[PDB]
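Text of final.cif, listed as mmCIF, N, CA and C atoms:
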```
data_protein
#
loop_
_atom_site.group_PDB
_atom_site.id
_atom_site.type_symbol
_atom_site.label_atom_id
_atom_site.label_comp_id
_atom_site.auth_asym_id
_atom_site.auth_seq_id
_atom_site.Cartn_x
_atom_site.Cartn_y
_atom_site.Cartn_z
ATOM 1 N N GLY A 1 -11.318 -0.761 -8.188
ATOM 2 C CA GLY A 1 -9.844 -0.998 -7.868
ATOM 3 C C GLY A 1 -8.992 0.198 -7.322
ATOM 4 N N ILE A 2 -8.608 0.097 -6.058
ATOM 5 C CA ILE A 2 -7.697 1.051 -5.406
ATOM 6 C C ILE A 2 -6.219 0.851 -5.832
ATOM 7 N N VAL A 3 -5.838 -0.344 -6.267
ATOM 8 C CA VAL A 3 -4.465 -0.595 -6.767
ATOM 9 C C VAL A 3 -4.158 0.377 -7.905
ATOM 10 N N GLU A 4 -5.077 0.517 -8.842
ATOM 11 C CA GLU A 4 -4.937 1.495 -9.944
ATOM 12 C C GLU A 4 -4.678 2.904 -9.350
ATOM 13 N N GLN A 5 -5.492 3.381 -8.421
ATOM 14 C CA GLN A 5 -5.333 4.733 -7.855
ATOM 15 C C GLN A 5 -3.975 4.980 -7.106
ATOM 16 N N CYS A 6 -3.460 3.962 -6.443
ATOM 17 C CA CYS A 6 -2.175 4.055 -5.705
ATOM 18 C C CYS A 6 -0.990 4.034 -6.689
ATOM 19 N N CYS A 7 -1.224 3.416 -7.839
ATOM 20 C CA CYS A 7 -0.267 3.303 -8.929
ATOM 21 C C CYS A 7 -0.264 4.490 -9.879
ATOM 22 N N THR A 8 -1.445 4.896 -10.385
ATOM 23 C CA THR A 8 -1.494 5.868 -11.440
ATOM 24 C C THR A 8 -1.445 7.260 -10.884
ATOM 25 N N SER A 9 -1.733 7.390 -9.586
ATOM 26 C CA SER A 9 -1.632 8.659 -8.893
ATOM 27 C C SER A 9 -0.669 8.408 -7.756
ATOM 28 N N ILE A 10 -0.292 9.426 -7.010
ATOM 29 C CA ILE A 10 0.666 9.285 -5.902
ATOM 30 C C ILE A 10 -0.105 8.991 -4.588
ATOM 31 N N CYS A 11 0.302 7.910 -3.929
ATOM 32 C CA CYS A 11 -0.301 7.447 -2.673
ATOM 33 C C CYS A 11 0.260 8.180 -1.441
ATOM 34 N N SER A 12 -0.389 8.026 -0.288
ATOM 35 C CA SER A 12 0.067 8.674 0.966
ATOM 36 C C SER A 12 -0.034 7.698 2.137
ATOM 37 N N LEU A 13 0.530 8.054 3.310
ATOM 38 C CA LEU A 13 0.544 7.173 4.477
ATOM 39 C C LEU A 13 -0.866 6.750 4.875
ATOM 40 N N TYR A 14 -1.782 7.713 4.888
ATOM 41 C CA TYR A 14 -3.132 7.509 5.330
ATOM 42 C C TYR A 14 -3.836 6.537 4.350
ATOM 43 N N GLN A 15 -3.571 6.706 3.037
ATOM 44 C CA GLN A 15 -4.176 5.878 2.032
ATOM 45 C C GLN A 15 -3.726 4.429 2.239
ATOM 46 N N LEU A 16 -2.439 4.208 2.495
ATOM 47 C CA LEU A 16 -1.950 2.860 2.706
ATOM 48 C C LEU A 16 -2.455 2.229 4.049
ATOM 49 N N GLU A 17 -2.546 2.995 5.115
ATOM 50 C CA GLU A 17 -3.077 2.526 6.390
ATOM 51 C C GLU A 17 -4.573 2.138 6.240
ATOM 52 N N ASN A 18 -5.304 2.796 5.337
ATOM 53 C CA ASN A 18 -6.686 2.406 5.000
ATOM 54 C C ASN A 18 -6.844 1.047 4.318
ATOM 55 N N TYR A 19 -5.738 0.470 3.824
ATOM 56 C CA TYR A 19 -5.803 -0.864 3.184
ATOM 57 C C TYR A 19 -5.627 -1.956 4.242
ATOM 58 N N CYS A 20 -5.212 -1.546 5.419
ATOM 59 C CA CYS A 20 -5.064 -2.425 6.577
ATOM 60 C C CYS A 20 -6.199 -2.120 7.542
ATOM 61 N N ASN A 21 -6.265 -2.808 8.668
ATOM 62 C CA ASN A 21 -7.236 -2.464 9.720
ATOM 63 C C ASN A 21 -6.731 -1.306 10.604
ATOM 64 N N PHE B 1 8.931 9.299 5.413
ATOM 65 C CA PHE B 1 8.192 8.720 4.254
ATOM 66 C C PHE B 1 8.297 9.527 2.997
ATOM 67 N N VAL B 2 8.229 8.764 1.885
ATOM 68 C CA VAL B 2 8.380 9.410 0.571
ATOM 69 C C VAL B 2 7.148 9.141 -0.271
ATOM 70 N N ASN B 3 6.479 10.200 -0.688
ATOM 71 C CA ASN B 3 5.304 10.077 -1.522
ATOM 72 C C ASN B 3 5.713 9.766 -2.959
ATOM 73 N N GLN B 4 5.179 8.658 -3.485
ATOM 74 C CA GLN B 4 5.506 8.211 -4.855
ATOM 75 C C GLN B 4 4.321 7.424 -5.359
ATOM 76 N N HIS B 5 4.452 6.942 -6.574
ATOM 77 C CA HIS B 5 3.500 5.964 -7.118
ATOM 78 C C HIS B 5 3.915 4.653 -6.505
ATOM 79 N N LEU B 6 2.988 3.929 -5.898
ATOM 80 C CA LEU B 6 3.306 2.559 -5.430
ATOM 81 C C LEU B 6 2.534 1.573 -6.313
ATOM 82 N N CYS B 7 3.216 0.564 -6.860
ATOM 83 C CA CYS B 7 2.568 -0.364 -7.765
ATOM 84 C C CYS B 7 3.404 -1.639 -7.730
ATOM 85 N N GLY B 8 2.791 -2.783 -7.995
ATOM 86 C CA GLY B 8 3.482 -4.025 -7.968
ATOM 87 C C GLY B 8 4.043 -4.377 -6.587
ATOM 88 N N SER B 9 5.273 -4.886 -6.559
ATOM 89 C CA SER B 9 5.923 -5.248 -5.284
ATOM 90 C C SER B 9 6.192 -4.043 -4.402
ATOM 91 N N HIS B 10 6.297 -2.843 -4.998
ATOM 92 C CA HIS B 10 6.484 -1.632 -4.206
ATOM 93 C C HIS B 10 5.308 -1.451 -3.282
ATOM 94 N N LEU B 11 4.123 -1.854 -3.706
ATOM 95 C CA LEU B 11 2.888 -1.647 -2.915
ATOM 96 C C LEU B 11 2.872 -2.551 -1.707
ATOM 97 N N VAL B 12 3.116 -3.854 -1.915
ATOM 98 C CA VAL B 12 3.073 -4.786 -0.780
ATOM 99 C C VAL B 12 4.175 -4.442 0.195
ATOM 100 N N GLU B 13 5.350 -4.078 -0.293
ATOM 101 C CA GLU B 13 6.415 -3.644 0.607
ATOM 102 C C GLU B 13 5.964 -2.413 1.411
ATOM 103 N N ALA B 14 5.389 -1.406 0.750
ATOM 104 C CA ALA B 14 4.955 -0.190 1.463
ATOM 105 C C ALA B 14 3.944 -0.517 2.525
ATOM 106 N N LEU B 15 3.097 -1.478 2.248
ATOM 107 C CA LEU B 15 2.103 -1.840 3.235
ATOM 108 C C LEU B 15 2.723 -2.588 4.406
ATOM 109 N N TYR B 16 3.699 -3.416 4.140
ATOM 110 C CA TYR B 16 4.364 -4.148 5.228
ATOM 111 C C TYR B 16 5.090 -3.138 6.127
ATOM 112 N N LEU B 17 5.651 -2.108 5.522
ATOM 113 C CA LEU B 17 6.336 -1.048 6.264
ATOM 114 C C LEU B 17 5.381 -0.127 7.039
ATOM 115 N N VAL B 18 4.260 0.250 6.459
ATOM 116 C CA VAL B 18 3.358 1.180 7.106
ATOM 117 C C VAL B 18 2.430 0.520 8.115
ATOM 118 N N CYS B 19 2.049 -0.741 7.930
ATOM 119 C CA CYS B 19 1.128 -1.435 8.855
ATOM 120 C C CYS B 19 1.826 -2.381 9.835
ATOM 121 N N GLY B 20 3.053 -2.781 9.536
ATOM 122 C CA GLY B 20 3.801 -3.664 10.433
ATOM 123 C C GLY B 20 3.238 -5.090 10.439
ATOM 124 N N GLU B 21 3.192 -5.742 11.604
ATOM 125 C CA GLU B 21 2.670 -7.133 11.745
ATOM 126 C C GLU B 21 1.218 -7.268 11.380
ATOM 127 N N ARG B 22 0.498 -6.133 11.434
ATOM 128 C CA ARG B 22 -0.954 -6.076 11.103
ATOM 129 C C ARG B 22 -1.096 -5.686 9.634
ATOM 130 N N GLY B 23 -0.130 -6.157 8.844
ATOM 131 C CA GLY B 23 -0.147 -5.916 7.401
ATOM 132 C C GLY B 23 -1.405 -6.453 6.741
ATOM 133 N N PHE B 24 -1.597 -5.973 5.504
ATOM 134 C CA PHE B 24 -2.726 -6.339 4.627
ATOM 135 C C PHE B 24 -2.656 -7.830 4.230
ATOM 136 N N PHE B 25 -3.761 -8.339 3.655
ATOM 137 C CA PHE B 25 -3.802 -9.756 3.195
ATOM 138 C C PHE B 25 -4.371 -9.831 1.795
ATOM 139 N N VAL B 26 -3.620 -10.502 0.887
ATOM 140 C CA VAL B 26 -4.089 -10.724 -0.506
ATOM 141 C C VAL B 26 -4.026 -12.207 -0.856
ATOM 142 N N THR B 27 -5.131 -12.683 -1.445
ATOM 143 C CA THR B 27 -5.306 -14.072 -1.889
ATOM 144 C C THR B 27 -4.335 -14.326 -3.047
ATOM 145 N N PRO B 28 -4.107 -15.625 -3.395
ATOM 146 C CA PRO B 28 -3.100 -15.878 -4.433
ATOM 147 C C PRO B 28 -3.476 -15.360 -5.824
ATOM 148 N N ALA B 29 -2.720 -14.334 -6.262
ATOM 149 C CA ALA B 29 -2.814 -13.724 -7.587
ATOM 150 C C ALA B 29 -2.527 -14.715 -8.696
ATOM 151 N N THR B 30 -3.395 -14.609 -9.721
ATOM 152 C CA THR B 30 -3.528 -15.504 -10.843
ATOM 153 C C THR B 30 -4.026 -14.738 -12.065
#
```
What does this structure look like when you write it as structure tokens?
Amino acid sequence: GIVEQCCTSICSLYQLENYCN
Amino acid sequence: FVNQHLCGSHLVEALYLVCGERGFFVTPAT
């Protein structure tokens, strides 16, 4: 689960663009 | 952009903002 990592740690632009194509 | 914890509705909103019309897709949560 990446939802946990974006939540429990601080996410970034690149990390969020990786959840899309 | 502001680096923060994204979780819940904050996450889907962030994705709609960062990916635009080519946003992510999630099946119905249950």
Contact table chain B vs chain A, cut-off 6 Å, shortest pair per residue, only C-alpha atoms, as JSON lines:
```
{"residue": "B:3", "atom": "CA", "partner": "A:12", "partner_atom": "CA", "distance": 6.0}
{"residue": "B:4", "atom": "CA", "partner": "A:10", "partner_atom": "CA", "distance": 5.1}
{"residue": "B:5", "atom": "CA", "partner": "A:10", "partner_atom": "CA", "distance": 4.5}
{"residue": "B:6", "atom": "CA", "partner": "A:7", "partner_atom": "CA", "distance": 5.1}
{"residue": "B:7", "atom": "CA", "partner": "A:7", "partner_atom": "CA", "distance": 4.8}
{"residue": "B:24", "atom": "CA", "partner": "A:20", "partner_atom": "CA", "distance": 5.0}
```
Can you list, as a list in words, all residues belonging to chain B that DSSP tags as helix (DSSP H, G or I)?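 DSSP-assigned helix (DSSP H, G or I) residues in chain B: residues 9, 10, 11, 12, 13, 14, 15, 16, 17, 18, 19, 20, 21 and 22 of chain B.
For the atom pair formed by atom C of residue 29 in chain B and atom N of residue 9 in chain B, the distance is 12.7 Å, given to one decimal.
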Find the axis-aligned box for range 13-20 of chain B, covering all its listed atoms and adding 5 Å on each side, and write its centre and edge lengths in Å to one decimal as AutoDock Vina command-line options.
```
--center_x 3.8 --center_y -2.0 --center_z 5.1 --size_x 15.3 --size_y 16.3 --size_z 20.7
```
Just the number, please: distance in Å from atom N of residue 13 in chain B to atom N of residue 1 in chain B, one decimal.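 It comes out at 15.0 Å.
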Quote the spacing between atom N of residue 14 in chain B and atom N of residue 26 in chain B in Å to one decimal place. 12.8 Å
Please produce chain A, completed to N, CA, C and O atoms, as a tab-separated table (two decimals), keeping the file's coordinate frame.
```
chain	number	residue	atom	x	y	z
A	1	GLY	N	-11.32	-0.76	-8.19
A	1	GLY	CA	-9.84	-1.00	-7.87
A	1	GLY	C	-8.99	0.20	-7.32
A	1	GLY	O	-8.57	1.09	-8.02
A	2	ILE	N	-8.61	0.10	-6.06
A	2	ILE	CA	-7.70	1.05	-5.41
A	2	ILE	C	-6.22	0.85	-5.83
A	2	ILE	O	-5.44	1.77	-5.84
A	3	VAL	N	-5.84	-0.34	-6.27
A	3	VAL	CA	-4.46	-0.60	-6.77
A	3	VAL	C	-4.16	0.38	-7.90
A	3	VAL	O	-3.16	1.09	-7.85
A	4	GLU	N	-5.08	0.52	-8.84
A	4	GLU	CA	-4.94	1.50	-9.94
A	4	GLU	C	-4.68	2.90	-9.35
A	4	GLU	O	-3.75	3.55	-9.76
A	5	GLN	N	-5.49	3.38	-8.42
A	5	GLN	CA	-5.33	4.73	-7.86
A	5	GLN	C	-3.98	4.98	-7.11
A	5	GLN	O	-3.40	6.06	-7.20
A	6	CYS	N	-3.46	3.96	-6.44
A	6	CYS	CA	-2.17	4.06	-5.70
A	6	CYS	C	-0.99	4.03	-6.69
A	6	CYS	O	0.10	4.59	-6.40
A	7	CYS	N	-1.22	3.42	-7.84
A	7	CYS	CA	-0.27	3.30	-8.93
A	7	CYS	C	-0.26	4.49	-9.88
A	7	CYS	O	0.77	4.97	-10.28
A	8	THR	N	-1.44	4.90	-10.38
A	8	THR	CA	-1.49	5.87	-11.44
A	8	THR	C	-1.44	7.26	-10.88
A	8	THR	O	-1.08	8.20	-11.62
A	9	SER	N	-1.73	7.39	-9.59
A	9	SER	CA	-1.63	8.66	-8.89
A	9	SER	C	-0.67	8.41	-7.76
A	9	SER	O	-0.22	7.26	-7.62
A	10	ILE	N	-0.29	9.43	-7.01
A	10	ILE	CA	0.67	9.28	-5.90
A	10	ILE	C	-0.10	8.99	-4.59
A	10	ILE	O	-1.01	9.70	-4.20
A	11	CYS	N	0.30	7.91	-3.93
A	11	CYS	CA	-0.30	7.45	-2.67
A	11	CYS	C	0.26	8.18	-1.44
A	11	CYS	O	1.32	8.81	-1.53
A	12	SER	N	-0.39	8.03	-0.29
A	12	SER	CA	0.07	8.67	0.97
A	12	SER	C	-0.03	7.70	2.14
A	12	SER	O	-0.67	6.66	2.01
A	13	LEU	N	0.53	8.05	3.31
A	13	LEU	CA	0.54	7.17	4.48
A	13	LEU	C	-0.87	6.75	4.88
A	13	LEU	O	-1.07	5.59	5.22
A	14	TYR	N	-1.78	7.71	4.89
A	14	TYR	CA	-3.13	7.51	5.33
A	14	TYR	C	-3.84	6.54	4.35
A	14	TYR	O	-4.62	5.69	4.78
A	15	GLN	N	-3.57	6.71	3.04
A	15	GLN	CA	-4.18	5.88	2.03
A	15	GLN	C	-3.73	4.43	2.24
A	15	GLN	O	-4.59	3.54	2.22
A	16	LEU	N	-2.44	4.21	2.50
A	16	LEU	CA	-1.95	2.86	2.71
A	16	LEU	C	-2.46	2.23	4.05
A	16	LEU	O	-2.74	1.03	4.07
A	17	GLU	N	-2.55	3.00	5.12
A	17	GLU	CA	-3.08	2.53	6.39
A	17	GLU	C	-4.57	2.14	6.24
A	17	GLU	O	-5.02	1.19	6.86
A	18	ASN	N	-5.30	2.80	5.34
A	18	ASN	CA	-6.69	2.41	5.00
A	18	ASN	C	-6.84	1.05	4.32
A	18	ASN	O	-7.95	0.55	4.23
A	19	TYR	N	-5.74	0.47	3.82
A	19	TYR	CA	-5.80	-0.86	3.18
A	19	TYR	C	-5.63	-1.96	4.24
A	19	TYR	O	-5.81	-3.15	3.96
A	20	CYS	N	-5.21	-1.55	5.42
A	20	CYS	CA	-5.06	-2.42	6.58
A	20	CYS	C	-6.20	-2.12	7.54
A	20	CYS	O	-6.99	-1.22	7.33
A	21	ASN	N	-6.26	-2.81	8.67
A	21	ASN	CA	-7.24	-2.46	9.72
A	21	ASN	C	-6.73	-1.31	10.60
A	21	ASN	O	-5.81	-1.43	11.39
```
